[PDB]
$ cat structure-v2.pdb   # PDB, C-alpha atoms
MODEL        1
ATOM      1  CA  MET A   1       0.000   0.000   0.000  1.00  0.00           C
ATOM      2  CA  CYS A   2       2.794   2.406   0.939  1.00  0.00           C
ATOM      3  CA  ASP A   3       5.597   0.559   2.732  1.00  0.00           C
ATOM      4  CA  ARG A   4       8.420   2.860   3.837  1.00  0.00           C
ATOM      5  CA  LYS A   5      10.797   3.112   6.803  1.00  0.00           C
ATOM      6  CA  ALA A   6      14.118   4.875   7.408  1.00  0.00           C
ATOM      7  CA  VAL A   7      17.220   2.840   8.245  1.00  0.00           C
ATOM      8  CA  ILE A   8      20.318   5.051   8.218  1.00  0.00           C
ATOM      9  CA  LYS A   9      23.344   3.044   7.125  1.00  0.00           C
ATOM     10  CA  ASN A  10      25.869   5.787   7.830  1.00  0.00           C
ATOM     11  CA  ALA A  11      26.062   9.584   7.964  1.00  0.00           C
ATOM     12  CA  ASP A  12      28.713  12.245   8.553  1.00  0.00           C
ATOM     13  CA  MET A  13      27.094  15.685   8.669  1.00  0.00           C
ATOM     14  CA  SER A  14      24.943  18.088  10.709  1.00  0.00           C
ATOM     15  CA  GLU A  15      21.847  16.388  12.139  1.00  0.00           C
ATOM     16  CA  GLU A  16      19.581  18.949  10.476  1.00  0.00           C
ATOM     17  CA  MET A  17      21.398  18.446   7.182  1.00  0.00           C
ATOM     18  CA  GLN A  18      21.166  14.647   7.341  1.00  0.00           C
ATOM     19  CA  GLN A  19      17.585  14.890   8.575  1.00  0.00           C
ATOM     20  CA  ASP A  20      16.929  17.217   5.677  1.00  0.00           C
ATOM     21  CA  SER A  21      18.086  14.422   3.385  1.00  0.00           C
ATOM     22  CA  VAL A  22      15.648  12.038   5.066  1.00  0.00           C
ATOM     23  CA  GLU A  23      12.744  14.348   4.279  1.00  0.00           C
ATOM     24  CA  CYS A  24      14.330  15.265   0.972  1.00  0.00           C
ATOM     25  CA  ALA A  25      14.338  11.570   0.116  1.00  0.00           C
ATOM     26  CA  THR A  26      10.872  10.855   1.461  1.00  0.00           C
ATOM     27  CA  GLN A  27       9.390  13.781  -0.441  1.00  0.00           C
ATOM     28  CA  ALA A  28      11.616  12.940  -3.409  1.00  0.00           C
ATOM     29  CA  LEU A  29      10.061   9.471  -3.634  1.00  0.00           C
ATOM     30  CA  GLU A  30       6.575  10.895  -3.304  1.00  0.00           C
ATOM     31  CA  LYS A  31       7.190  13.171  -6.291  1.00  0.00           C
ATOM     32  CA  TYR A  32       9.436  10.919  -8.357  1.00  0.00           C
ATOM     33  CA  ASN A  33       8.915   7.164  -8.691  1.00  0.00           C
ATOM     34  CA  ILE A  34      12.331   6.371 -10.178  1.00  0.00           C
ATOM     35  CA  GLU A  35      15.781   6.498  -8.587  1.00  0.00           C
ATOM     36  CA  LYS A  36      17.036   8.610 -11.502  1.00  0.00           C
ATOM     37  CA  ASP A  37      14.769  11.549 -10.657  1.00  0.00           C
ATOM     38  CA  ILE A  38      14.819  10.776  -6.950  1.00  0.00           C
ATOM     39  CA  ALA A  39      18.591  11.216  -6.764  1.00  0.00           C
ATOM     40  CA  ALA A  40      18.756  14.094  -9.256  1.00  0.00           C
ATOM     41  CA  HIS A  41      16.057  15.905  -7.282  1.00  0.00           C
ATOM     42  CA  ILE A  42      17.758  15.542  -3.954  1.00  0.00           C
ATOM     43  CA  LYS A  43      21.119  16.510  -5.454  1.00  0.00           C
ATOM     44  CA  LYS A  44      19.815  19.786  -6.892  1.00  0.00           C
ATOM     45  CA  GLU A  45      18.217  20.777  -3.586  1.00  0.00           C
ATOM     46  CA  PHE A  46      21.415  20.154  -1.620  1.00  0.00           C
ATOM     47  CA  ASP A  47      23.558  21.597  -4.377  1.00  0.00           C
ATOM     48  CA  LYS A  48      21.366  24.705  -4.553  1.00  0.00           C
ATOM     49  CA  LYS A  49      20.568  25.170  -0.868  1.00  0.00           C
ATOM     50  CA  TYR A  50      23.682  23.767   0.782  1.00  0.00           C
ATOM     51  CA  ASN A  51      25.897  24.952  -2.094  1.00  0.00           C
ATOM     52  CA  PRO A  52      27.483  22.614  -4.650  1.00  0.00           C
ATOM     53  CA  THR A  53      28.520  20.009  -5.148  1.00  0.00           C
ATOM     54  CA  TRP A  54      26.414  17.080  -3.968  1.00  0.00           C
ATOM     55  CA  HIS A  55      26.331  13.605  -5.461  1.00  0.00           C
ATOM     56  CA  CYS A  56      23.134  11.611  -4.998  1.00  0.00           C
ATOM     57  CA  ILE A  57      22.133   8.020  -5.602  1.00  0.00           C
ATOM     58  CA  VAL A  58      19.038   5.919  -5.030  1.00  0.00           C
ATOM     59  CA  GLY A  59      18.345   2.239  -5.566  1.00  0.00           C
ATOM     60  CA  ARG A  60      16.665  -0.928  -4.373  1.00  0.00           C
ATOM     61  CA  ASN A  61      20.081  -2.589  -4.204  1.00  0.00           C
ATOM     62  CA  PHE A  62      23.595  -1.568  -5.293  1.00  0.00           C
ATOM     63  CA  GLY A  63      27.208  -1.305  -4.152  1.00  0.00           C
ATOM     64  CA  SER A  64      29.539   1.640  -4.794  1.00  0.00           C
ATOM     65  CA  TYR A  65      32.838   3.268  -3.874  1.00  0.00           C
ATOM     66  CA  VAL A  66      32.948   7.057  -3.565  1.00  0.00           C
ATOM     67  CA  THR A  67      34.902   9.944  -2.071  1.00  0.00           C
ATOM     68  CA  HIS A  68      33.297  13.094  -0.678  1.00  0.00           C
ATOM     69  CA  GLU A  69      34.159  16.235   1.275  1.00  0.00           C
ATOM     70  CA  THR A  70      33.691  16.458   5.058  1.00  0.00           C
ATOM     71  CA  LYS A  71      30.674  16.851   7.337  1.00  0.00           C
ATOM     72  CA  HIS A  72      28.615  16.508   4.152  1.00  0.00           C
ATOM     73  CA  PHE A  73      27.816  12.820   3.744  1.00  0.00           C
ATOM     74  CA  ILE A  74      24.846  10.581   4.520  1.00  0.00           C
ATOM     75  CA  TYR A  75      23.361   7.255   3.473  1.00  0.00           C
ATOM     76  CA  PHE A  76      20.117   5.636   4.618  1.00  0.00           C
ATOM     77  CA  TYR A  77      17.833   2.832   3.529  1.00  0.00           C
ATOM     78  CA  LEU A  78      14.197   3.825   3.139  1.00  0.00           C
ATOM     79  CA  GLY A  79      11.522   1.213   2.537  1.00  0.00           C
ATOM     80  CA  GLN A  80      12.322  -0.880  -0.520  1.00  0.00           C
ATOM     81  CA  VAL A  81      15.078   1.526  -1.560  1.00  0.00           C
ATOM     82  CA  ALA A  82      18.261   3.284  -0.504  1.00  0.00           C
ATOM     83  CA  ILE A  83      19.151   6.973  -0.673  1.00  0.00           C
ATOM     84  CA  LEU A  84      22.802   8.040  -0.770  1.00  0.00           C
ATOM     85  CA  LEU A  85      24.029  11.644  -0.539  1.00  0.00           C
ATOM     86  CA  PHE A  86      27.445  13.304  -0.189  1.00  0.00           C
ATOM     87  CA  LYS A  87      29.452  16.224  -1.577  1.00  0.00           C
ATOM     88  CA  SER A  88      32.314  15.326  -3.905  1.00  0.00           C
ATOM     89  CA  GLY A  89      32.770  18.292  -6.199  1.00  0.00           C
TER      90      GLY A  89
ATOM     91  CA  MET B   1      29.267 -17.979 -22.448  1.00  0.00           C
ATOM     92  CA  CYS B   2      27.683 -18.039 -18.989  1.00  0.00           C
ATOM     93  CA  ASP B   3      25.856 -14.740 -19.563  1.00  0.00           C
ATOM     94  CA  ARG B   4      27.768 -11.776 -18.074  1.00  0.00           C
ATOM     95  CA  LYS B   5      27.401  -9.762 -21.280  1.00  0.00           C
ATOM     96  CA  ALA B   6      28.473  -6.114 -21.375  1.00  0.00           C
ATOM     97  CA  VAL B   7      26.027  -3.448 -22.545  1.00  0.00           C
ATOM     98  CA  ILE B   8      27.530   0.008 -23.017  1.00  0.00           C
ATOM     99  CA  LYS B   9      24.976   2.784 -22.544  1.00  0.00           C
ATOM    100  CA  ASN B  10      27.121   5.833 -21.826  1.00  0.00           C
ATOM    101  CA  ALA B  11      30.780   6.551 -22.470  1.00  0.00           C
ATOM    102  CA  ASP B  12      32.968   9.656 -22.468  1.00  0.00           C
ATOM    103  CA  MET B  13      36.649   8.740 -22.262  1.00  0.00           C
ATOM    104  CA  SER B  14      39.590   7.167 -24.117  1.00  0.00           C
ATOM    105  CA  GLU B  15      38.612   3.924 -25.867  1.00  0.00           C
ATOM    106  CA  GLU B  16      41.312   1.979 -24.034  1.00  0.00           C
ATOM    107  CA  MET B  17      40.240   3.625 -20.789  1.00  0.00           C
ATOM    108  CA  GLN B  18      36.553   2.783 -21.276  1.00  0.00           C
ATOM    109  CA  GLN B  19      37.417  -0.687 -22.557  1.00  0.00           C
ATOM    110  CA  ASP B  20      39.702  -1.068 -19.571  1.00  0.00           C
ATOM    111  CA  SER B  21      36.682  -0.423 -17.363  1.00  0.00           C
ATOM    112  CA  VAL B  22      34.721  -3.080 -19.245  1.00  0.00           C
ATOM    113  CA  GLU B  23      37.415  -5.636 -18.486  1.00  0.00           C
ATOM    114  CA  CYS B  24      37.939  -4.138 -15.052  1.00  0.00           C
ATOM    115  CA  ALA B  25      34.243  -4.631 -14.360  1.00  0.00           C
ATOM    116  CA  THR B  26      34.092  -8.078 -15.913  1.00  0.00           C
ATOM    117  CA  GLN B  27      37.165  -9.230 -14.011  1.00  0.00           C
ATOM    118  CA  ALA B  28      36.004  -7.386 -10.901  1.00  0.00           C
ATOM    119  CA  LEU B  29      32.676  -9.237 -10.920  1.00  0.00           C
ATOM    120  CA  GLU B  30      34.288 -12.649 -11.369  1.00  0.00           C
ATOM    121  CA  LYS B  31      36.645 -11.795  -8.496  1.00  0.00           C
ATOM    122  CA  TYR B  32      34.090 -10.513  -6.004  1.00  0.00           C
ATOM    123  CA  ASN B  33      30.556 -11.874  -5.611  1.00  0.00           C
ATOM    124  CA  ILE B  34      29.212  -8.505  -4.462  1.00  0.00           C
ATOM    125  CA  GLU B  35      28.720  -5.309  -6.463  1.00  0.00           C
ATOM    126  CA  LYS B  36      29.972  -3.373  -3.421  1.00  0.00           C
ATOM    127  CA  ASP B  37      33.457  -4.849  -3.620  1.00  0.00           C
ATOM    128  CA  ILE B  38      33.267  -4.501  -7.384  1.00  0.00           C
ATOM    129  CA  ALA B  39      33.052  -0.713  -7.280  1.00  0.00           C
ATOM    130  CA  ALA B  40      35.689  -0.472  -4.550  1.00  0.00           C
ATOM    131  CA  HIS B  41      37.988  -2.662  -6.650  1.00  0.00           C
ATOM    132  CA  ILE B  42      37.370  -0.946  -9.943  1.00  0.00           C
ATOM    133  CA  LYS B  43      37.718   2.470  -8.304  1.00  0.00           C
ATOM    134  CA  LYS B  44      41.071   1.794  -6.619  1.00  0.00           C
ATOM    135  CA  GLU B  45      42.460   0.392  -9.875  1.00  0.00           C
ATOM    136  CA  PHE B  46      41.514   3.511 -11.846  1.00  0.00           C
ATOM    137  CA  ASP B  47      42.634   5.832  -9.086  1.00  0.00           C
ATOM    138  CA  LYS B  48      45.851   3.840  -9.019  1.00  0.00           C
ATOM    139  CA  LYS B  49      46.584   3.771 -12.740  1.00  0.00           C
ATOM    140  CA  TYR B  50      44.616   6.794 -13.931  1.00  0.00           C
ATOM    141  CA  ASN B  51      45.073   8.669 -10.634  1.00  0.00           C
ATOM    142  CA  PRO B  52      42.213   9.864  -8.398  1.00  0.00           C
ATOM    143  CA  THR B  53      39.445  10.514  -8.262  1.00  0.00           C
ATOM    144  CA  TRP B  54      37.022   7.955  -9.685  1.00  0.00           C
ATOM    145  CA  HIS B  55      33.495   7.126  -8.612  1.00  0.00           C
ATOM    146  CA  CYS B  56      32.270   3.604  -9.265  1.00  0.00           C
ATOM    147  CA  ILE B  57      28.909   1.982  -8.739  1.00  0.00           C
ATOM    148  CA  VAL B  58      27.433  -1.422  -9.404  1.00  0.00           C
ATOM    149  CA  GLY B  59      23.898  -2.556  -8.712  1.00  0.00           C
ATOM    150  CA  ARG B  60      20.972  -4.672  -9.834  1.00  0.00           C
ATOM    151  CA  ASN B  61      18.857  -1.523 -10.061  1.00  0.00           C
ATOM    152  CA  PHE B  62      19.138   2.154  -9.078  1.00  0.00           C
ATOM    153  CA  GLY B  63      19.567   5.746 -10.246  1.00  0.00           C
ATOM    154  CA  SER B  64      21.918   8.626  -9.438  1.00  0.00           C
ATOM    155  CA  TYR B  65      22.751  12.180 -10.435  1.00  0.00           C
ATOM    156  CA  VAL B  66      26.461  12.990 -10.599  1.00  0.00           C
ATOM    157  CA  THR B  67      28.934  15.387 -12.205  1.00  0.00           C
ATOM    158  CA  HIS B  68      32.286  14.178 -13.525  1.00  0.00           C
ATOM    159  CA  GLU B  69      35.387  15.709 -15.072  1.00  0.00           C
ATOM    160  CA  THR B  70      36.153  15.310 -18.794  1.00  0.00           C
ATOM    161  CA  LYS B  71      37.179  12.330 -20.920  1.00  0.00           C
ATOM    162  CA  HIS B  72      36.730  10.276 -17.745  1.00  0.00           C
ATOM    163  CA  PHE B  73      33.175   8.922 -17.717  1.00  0.00           C
ATOM    164  CA  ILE B  74      31.553   5.600 -18.635  1.00  0.00           C
ATOM    165  CA  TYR B  75      28.563   3.391 -17.854  1.00  0.00           C
ATOM    166  CA  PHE B  76      27.466  -0.085 -18.953  1.00  0.00           C
ATOM    167  CA  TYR B  77      25.321  -3.058 -17.890  1.00  0.00           C
ATOM    168  CA  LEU B  78      27.247  -6.302 -17.448  1.00  0.00           C
ATOM    169  CA  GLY B  79      25.403  -9.569 -16.954  1.00  0.00           C
ATOM    170  CA  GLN B  80      22.285  -7.502 -16.202  1.00  0.00           C
ATOM    171  CA  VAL B  81      24.122  -5.720 -13.370  1.00  0.00           C
ATOM    172  CA  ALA B  82      24.728  -1.997 -13.822  1.00  0.00           C
ATOM    173  CA  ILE B  83      28.316  -0.759 -13.613  1.00  0.00           C
ATOM    174  CA  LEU B  84      29.059   2.970 -13.487  1.00  0.00           C
ATOM    175  CA  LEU B  85      32.517   4.568 -13.614  1.00  0.00           C
ATOM    176  CA  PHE B  86      33.521   8.233 -13.807  1.00  0.00           C
ATOM    177  CA  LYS B  87      35.922  10.749 -12.268  1.00  0.00           C
ATOM    178  CA  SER B  88      34.289  13.357 -10.047  1.00  0.00           C
ATOM    179  CA  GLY B  89      36.903  14.431  -7.533  1.00  0.00           C
TER     180      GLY B  89
ATOM    181  CA  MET C   1      34.353  18.955 -16.976  1.00  0.00           C
ATOM    182  CA  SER C   2      32.094  17.868 -19.838  1.00  0.00           C
ATOM    183  CA  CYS C   3      28.703  17.843 -18.090  1.00  0.00           C
ATOM    184  CA  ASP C   4      26.758  16.146 -15.288  1.00  0.00           C
ATOM    185  CA  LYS C   5      25.065  12.811 -16.004  1.00  0.00           C
ATOM    186  CA  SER C   6      22.287  10.858 -14.298  1.00  0.00           C
ATOM    187  CA  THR C   7      22.589   7.066 -14.240  1.00  0.00           C
ATOM    188  CA  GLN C   8      19.635   4.665 -14.172  1.00  0.00           C
ATOM    189  CA  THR C   9      19.179   0.952 -14.866  1.00  0.00           C
TER     190      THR C   9
ATOM    191  CA  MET D   1      36.746  17.926   2.882  1.00  0.00           C
ATOM    192  CA  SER D   2      38.297  14.854   1.254  1.00  0.00           C
ATOM    193  CA  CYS D   3      37.899  11.184   2.165  1.00  0.00           C
ATOM    194  CA  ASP D   4      36.998   8.008   0.278  1.00  0.00           C
ATOM    195  CA  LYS D   5      34.167   5.805   1.548  1.00  0.00           C
ATOM    196  CA  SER D   6      32.340   2.720   0.287  1.00  0.00           C
ATOM    197  CA  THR D   7      28.544   2.528   0.103  1.00  0.00           C
ATOM    198  CA  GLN D   8      25.928  -0.189  -0.379  1.00  0.00           C
ATOM    199  CA  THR D   9      22.184  -0.578   0.174  1.00  0.00           C
TER     200      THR D   9
ENDMDL
END

$ encode --input "structure-v2.pdb" --output "structure tokens"
Amino acid sequence: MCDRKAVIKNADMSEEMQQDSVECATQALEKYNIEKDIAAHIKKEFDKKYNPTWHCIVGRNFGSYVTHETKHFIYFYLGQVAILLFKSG
Amino acid sequence: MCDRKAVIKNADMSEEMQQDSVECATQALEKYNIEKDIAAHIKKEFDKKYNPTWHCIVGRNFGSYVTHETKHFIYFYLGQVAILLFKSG
Amino acid sequence: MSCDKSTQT
Amino acid sequence: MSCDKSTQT
């Protein structure tokens, strides 16, 4: 019907910022029903509000290696999908 | 054959470099039985030979928005599994 | 840099 | 503002 639950895997950034991602992801899913837009949406918001550059990813399942900045990284599993975010300009 | 067929979708880098990724992904997959290790392996190899910084992802299904450099970007589905590679230091 | 790109299976 | 880190669902 609408299964969904947060499950932070790891995060290194201000609570409000990481929490923002949680809502940014939740709302992102509500608007977009495909990881492509979900990630791209979240990225723009963080890149525009928190200043560039943010890299975003979303998927039901996937592994990846990535390098980011500092105090600007977060990753959490929501429902049947994962939402990754971190600056790596 | 045993499936594991490459399927280039996006590419923006030296032929040998992109082809290297194809083999790097193919070999990476046969080495590790988890897309997570795949990216980490492929990434280190490119950051080692090509020099940092490379972002690599591998998953059964997902989507992500990311900005890279130039002449250092590539993406392709291998054996159904997605395998992304691109510099975005 | 060439230009940003969004990946998707 | 620079550090590598793995990630997986």

$ resolve_selection --input "structure-v2.pdb" --expression "the PyMOL selection byres ((chain B and resi 48-58) around 7)" --output "compact mmCIF listing (two decimals) with C-alpha atoms, in the frame of the given file"
# COMPACT_ATOMS: atom_id res chain seq x y z
CA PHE A 62 23.60 -1.57 -5.29
CA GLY A 63 27.21 -1.30 -4.15
CA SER A 64 29.54 1.64 -4.79
CA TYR A 65 32.84 3.27 -3.87
CA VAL A 66 32.95 7.06 -3.56
CA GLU B 35 28.72 -5.31 -6.46
CA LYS B 36 29.97 -3.37 -3.42
CA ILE B 38 33.27 -4.50 -7.38
CA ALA B 39 33.05 -0.71 -7.28
CA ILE B 42 37.37 -0.95 -9.94
CA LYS B 43 37.72 2.47 -8.30
CA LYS B 44 41.07 1.79 -6.62
CA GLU B 45 42.46 0.39 -9.88
CA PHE B 46 41.51 3.51 -11.85
CA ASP B 47 42.63 5.83 -9.09
CA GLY B 59 23.90 -2.56 -8.71
CA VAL B 81 24.12 -5.72 -13.37
CA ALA B 82 24.73 -2.00 -13.82
CA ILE B 83 28.32 -0.76 -13.61
CA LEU B 84 29.06 2.97 -13.49
CA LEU B 85 32.52 4.57 -13.61
CA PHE B 86 33.52 8.23 -13.81
CA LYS B 87 35.92 10.75 -12.27
CA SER B 88 34.29 13.36 -10.05
CA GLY B 89 36.90 14.43 -7.53

$ atom_distance --input "structure-v2.pdb" --atom1 "atom CA of residue A:79" --atom2 "atom CA of residue A:29"
10.4 Å

$ resolve_selection --input "structure-v2.pdb" --expression "the PyMOL selection byres ((chain C and resi 4) around 9)" --output "ChimeraX atom specification"
/B:65-69 /C:1-3,5-6

$ resolve_selection --input "structure-v2.pdb" --expression "the PyMOL selection byres ((chain B and resi 23) around 12)" --output "compact mmCIF listing (two decimals) with C-alpha atoms, keeping the file's coordinate frame"
# COMPACT_ATOMS: atom_id res chain seq x y z
CA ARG B 4 27.77 -11.78 -18.07
CA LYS B 5 27.40 -9.76 -21.28
CA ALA B 6 28.47 -6.11 -21.38
CA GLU B 16 41.31 1.98 -24.03
CA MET B 17 40.24 3.62 -20.79
CA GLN B 18 36.55 2.78 -21.28
CA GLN B 19 37.42 -0.69 -22.56
CA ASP B 20 39.70 -1.07 -19.57
CA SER B 21 36.68 -0.42 -17.36
CA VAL B 22 34.72 -3.08 -19.24
CA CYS B 24 37.94 -4.14 -15.05
CA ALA B 25 34.24 -4.63 -14.36
CA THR B 26 34.09 -8.08 -15.91
CA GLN B 27 37.16 -9.23 -14.01
CA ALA B 28 36.00 -7.39 -10.90
CA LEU B 29 32.68 -9.24 -10.92
CA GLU B 30 34.29 -12.65 -11.37
CA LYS B 31 36.65 -11.80 -8.50
CA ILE B 38 33.27 -4.50 -7.38
CA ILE B 42 37.37 -0.95 -9.94
CA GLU B 45 42.46 0.39 -9.88
CA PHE B 76 27.47 -0.08 -18.95
CA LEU B 78 27.25 -6.30 -17.45
CA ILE B 83 28.32 -0.76 -13.61

$ atom_distance --input "structure-v2.pdb" --atom1 "atom CA of residue B:1" --atom2 "atom CA of residue B:80"
14.1 Å

$ calpha_fit_and_write --input "structure-v2.pdb" --fixed "chain B" --moving "chain A" --output "mmCIF file with C-alpha atoms, in the coordinates of the input"
data_model
loop_
_atom_site.group_PDB
_atom_site.id
_atom_site.type_symbol
_atom_site.label_atom_id
_atom_site.label_comp_id
_atom_site.auth_asym_id
_atom_site.auth_seq_id
_atom_site.Cartn_x
_atom_site.Cartn_y
_atom_site.Cartn_z
ATOM 1 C CA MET A 1 25.674 -20.897 -16.023
ATOM 2 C CA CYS A 2 27.580 -17.665 -16.650
ATOM 3 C CA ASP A 3 25.369 -15.141 -18.446
ATOM 4 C CA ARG A 4 27.177 -11.889 -19.246
ATOM 5 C CA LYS A 5 27.179 -9.336 -22.073
ATOM 6 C CA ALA A 6 28.336 -5.722 -22.393
ATOM 7 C CA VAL A 7 25.823 -2.995 -23.237
ATOM 8 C CA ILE A 8 27.419 0.445 -22.903
ATOM 9 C CA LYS A 9 24.822 2.989 -21.826
ATOM 10 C CA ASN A 10 27.092 6.005 -22.208
ATOM 11 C CA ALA A 11 30.789 6.888 -22.049
ATOM 12 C CA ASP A 12 32.949 10.006 -22.316
ATOM 13 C CA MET A 13 36.628 9.044 -22.248
ATOM 14 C CA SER A 14 39.514 7.486 -24.199
ATOM 15 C CA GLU A 15 38.510 4.223 -25.892
ATOM 16 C CA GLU A 16 41.331 2.363 -24.148
ATOM 17 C CA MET A 17 40.289 3.863 -20.821
ATOM 18 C CA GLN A 18 36.616 2.959 -21.274
ATOM 19 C CA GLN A 19 37.595 -0.441 -22.649
ATOM 20 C CA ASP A 20 39.809 -0.835 -19.618
ATOM 21 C CA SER A 21 36.706 -0.338 -17.491
ATOM 22 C CA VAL A 22 34.926 -3.063 -19.455
ATOM 23 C CA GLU A 23 37.676 -5.543 -18.631
ATOM 24 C CA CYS A 24 38.067 -4.014 -15.196
ATOM 25 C CA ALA A 25 34.386 -4.724 -14.618
ATOM 26 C CA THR A 26 34.411 -8.177 -16.170
ATOM 27 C CA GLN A 27 37.430 -9.215 -14.125
ATOM 28 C CA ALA A 28 36.002 -7.356 -11.129
ATOM 29 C CA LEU A 29 32.872 -9.522 -11.235
ATOM 30 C CA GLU A 30 34.932 -12.668 -11.617
ATOM 31 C CA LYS A 31 36.857 -11.828 -8.443
ATOM 32 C CA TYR A 32 34.100 -10.151 -6.451
ATOM 33 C CA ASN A 33 30.491 -11.360 -6.422
ATOM 34 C CA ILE A 34 28.988 -8.236 -4.844
ATOM 35 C CA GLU A 35 28.580 -4.733 -6.262
ATOM 36 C CA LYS A 36 30.230 -3.290 -3.143
ATOM 37 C CA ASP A 37 33.585 -4.936 -3.869
ATOM 38 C CA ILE A 38 33.059 -4.809 -7.617
ATOM 39 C CA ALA A 39 32.808 -1.015 -7.597
ATOM 40 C CA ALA A 40 35.438 -0.480 -4.892
ATOM 41 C CA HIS A 41 37.840 -2.687 -6.846
ATOM 42 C CA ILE A 42 37.387 -0.887 -10.111
ATOM 43 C CA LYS A 43 37.619 2.499 -8.391
ATOM 44 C CA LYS A 44 40.979 1.726 -6.773
ATOM 45 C CA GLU A 45 42.460 0.530 -10.066
ATOM 46 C CA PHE A 46 41.388 3.673 -11.924
ATOM 47 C CA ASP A 47 42.229 5.876 -8.972
ATOM 48 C CA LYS A 48 45.669 4.275 -8.665
ATOM 49 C CA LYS A 49 46.512 3.791 -12.338
ATOM 50 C CA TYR A 50 44.670 6.692 -13.944
ATOM 51 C CA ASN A 51 45.237 8.912 -10.889
ATOM 52 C CA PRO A 52 42.485 9.897 -8.445
ATOM 53 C CA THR A 53 39.707 10.416 -8.096
ATOM 54 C CA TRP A 54 37.299 7.888 -9.587
ATOM 55 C CA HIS A 55 33.809 7.092 -8.363
ATOM 56 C CA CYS A 56 32.473 3.620 -9.119
ATOM 57 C CA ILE A 57 29.096 1.953 -8.831
ATOM 58 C CA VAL A 58 27.643 -1.431 -9.700
ATOM 59 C CA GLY A 59 24.127 -2.808 -9.472
ATOM 60 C CA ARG A 60 21.408 -4.959 -10.974
ATOM 61 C CA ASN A 61 19.161 -1.895 -11.110
ATOM 62 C CA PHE A 62 19.444 1.675 -9.789
ATOM 63 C CA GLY A 63 19.110 5.337 -10.740
ATOM 64 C CA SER A 64 21.527 8.120 -9.774
ATOM 65 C CA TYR A 65 22.576 11.707 -10.418
ATOM 66 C CA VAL A 66 26.292 12.517 -10.438
ATOM 67 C CA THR A 67 28.860 15.044 -11.621
ATOM 68 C CA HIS A 68 32.336 14.119 -12.847
ATOM 69 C CA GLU A 69 35.385 15.647 -14.519
ATOM 70 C CA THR A 70 35.936 15.449 -18.292
ATOM 71 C CA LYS A 71 37.025 12.692 -20.671
ATOM 72 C CA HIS A 72 36.861 10.422 -17.618
ATOM 73 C CA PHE A 73 33.365 8.947 -17.523
ATOM 74 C CA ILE A 74 31.767 5.672 -18.599
ATOM 75 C CA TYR A 75 28.711 3.552 -17.872
ATOM 76 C CA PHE A 76 27.795 0.142 -19.282
ATOM 77 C CA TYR A 77 25.395 -2.671 -18.511
ATOM 78 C CA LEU A 78 27.014 -6.084 -18.215
ATOM 79 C CA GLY A 79 24.906 -9.217 -17.933
ATOM 80 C CA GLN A 80 22.507 -8.989 -15.007
ATOM 81 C CA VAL A 81 24.291 -5.909 -13.665
ATOM 82 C CA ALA A 82 25.497 -2.405 -14.440
ATOM 83 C CA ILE A 83 28.940 -0.875 -13.956
ATOM 84 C CA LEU A 84 29.307 2.897 -13.613
ATOM 85 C CA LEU A 85 32.631 4.766 -13.517
ATOM 86 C CA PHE A 86 33.652 8.440 -13.586
ATOM 87 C CA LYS A 87 36.056 10.856 -11.893
ATOM 88 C CA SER A 88 34.496 13.368 -9.511
ATOM 89 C CA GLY A 89 37.171 14.217 -6.983
#

$ interface_residues --input "structure-v2.pdb" --of "chain C" --to "chain A" --cutoff "9 Å" --atoms "all atoms listed in the file" --output "MDAnalysis selection string"
chainID C and resid 6:9

$ closest_residue --input "structure-v2.pdb" --among "B:71, B:61, B:32, B:77" --to "chain A" --atoms "only C-alpha atoms"
B:61

$ atom_distance --input "structure-v2.pdb" --atom1 "atom CA of residue B:15" --atom2 "atom CA of residue B:74"
10.2 Å

$ decode --input "structure-v2.pdb" --residues "stretch 16-23 of chain B" --atoms "N, CA, C and O atoms" --output "PDB file, in the first residue's frame"
ATOM      1  N   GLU B  16      40.586   2.929 -24.866  1.00  0.00           N
ATOM      2  CA  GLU B  16      41.312   1.979 -24.034  1.00  0.00           C
ATOM      3  C   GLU B  16      40.888   2.114 -22.578  1.00  0.00           C
ATOM      4  O   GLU B  16      40.775   1.123 -21.856  1.00  0.00           O
ATOM      5  N   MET B  17      40.652   3.349 -22.156  1.00  0.00           N
ATOM      6  CA  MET B  17      40.240   3.625 -20.789  1.00  0.00           C
ATOM      7  C   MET B  17      38.851   3.046 -20.519  1.00  0.00           C
ATOM      8  O   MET B  17      38.638   2.368 -19.512  1.00  0.00           O
ATOM      9  N   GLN B  18      37.910   3.300 -21.428  1.00  0.00           N
ATOM     10  CA  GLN B  18      36.553   2.783 -21.276  1.00  0.00           C
ATOM     11  C   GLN B  18      36.532   1.266 -21.422  1.00  0.00           C
ATOM     12  O   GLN B  18      35.825   0.573 -20.687  1.00  0.00           O
ATOM     13  N   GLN B  19      37.330   0.750 -22.349  1.00  0.00           N
ATOM     14  CA  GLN B  19      37.417  -0.687 -22.557  1.00  0.00           C
ATOM     15  C   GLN B  19      38.064  -1.319 -21.341  1.00  0.00           C
ATOM     16  O   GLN B  19      37.697  -2.417 -20.922  1.00  0.00           O
ATOM     17  N   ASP B  20      39.018  -0.598 -20.759  1.00  0.00           N
ATOM     18  CA  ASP B  20      39.702  -1.068 -19.571  1.00  0.00           C
ATOM     19  C   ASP B  20      38.688  -1.272 -18.454  1.00  0.00           C
ATOM     20  O   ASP B  20      38.756  -2.246 -17.706  1.00  0.00           O
ATOM     21  N   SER B  21      37.734  -0.348 -18.368  1.00  0.00           N
ATOM     22  CA  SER B  21      36.682  -0.423 -17.363  1.00  0.00           C
ATOM     23  C   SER B  21      35.814  -1.650 -17.602  1.00  0.00           C
ATOM     24  O   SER B  21      35.413  -2.333 -16.662  1.00  0.00           O
ATOM     25  N   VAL B  22      35.533  -1.927 -18.873  1.00  0.00           N
ATOM     26  CA  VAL B  22      34.721  -3.080 -19.245  1.00  0.00           C
ATOM     27  C   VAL B  22      35.361  -4.369 -18.749  1.00  0.00           C
ATOM     28  O   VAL B  22      34.690  -5.239 -18.195  1.00  0.00           O
ATOM     29  N   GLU B  23      36.667  -4.469 -18.933  1.00  0.00           N
ATOM     30  CA  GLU B  23      37.415  -5.636 -18.486  1.00  0.00           C
ATOM     31  C   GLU B  23      37.599  -5.573 -16.980  1.00  0.00           C
ATOM     32  O   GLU B  23      37.578  -6.592 -16.293  1.00  0.00           O
TER      33      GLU B  23
END
